[PDB]
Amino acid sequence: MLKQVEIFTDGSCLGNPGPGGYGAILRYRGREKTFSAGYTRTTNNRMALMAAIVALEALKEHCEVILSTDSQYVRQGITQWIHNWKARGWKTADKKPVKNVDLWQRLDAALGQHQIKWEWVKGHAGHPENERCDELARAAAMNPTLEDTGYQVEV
């Protein structure tokens, strides 16, 4: 046994690409930490990844994380793509670089640092914390202050 800890994440974007933001909550024995930031030009998908990355990298020790998210991108990625990417060296079946590789690798590095337990939020049947993350992301998307320099503009 290590350390329980619960993490709720959410990403949001006003366009594609466009101003976006992420929301994330880190909870440990009642204690709760909040993460949030907005970017001038990004995508929903990158914001979903960021949320998870920020919360995870905030852990100063190996934990038993319960990562809750309603992002269809992260799910379909963790349960459909991730495994293959590691086998082909982060390249598409066509020997082509994968999209958002910068955040996917960052996410995977932080993941193996703990014992992750994914909880996919279905028909918005999420907890208040997931709603809170949604609010933080939307608020941040409407008030962008940084740039997502990792995003390769597809205009």
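The first residue of the shown sequence is 1; numbering continues from there.
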When the C-alpha temperature factors are averaged for each of 30 to 38 and 84 to 92, which stretch ends up with the higher value in the entry?
84 to 92
Stretch with higher mean Cα temperature factor, 145 to 153 vs 1 to 9, is 1 to 9
Report the option among 119, 102, 57, 108 whose CA atom has the maximum B-factor in the deposited record.
119
Using the entry's values, work out which of 67, 98, 53, 47 has the largest Cα B factor.
98
Split the chain's modelled residues into thirds by Cα B-factor; residue 130 lands in the middle
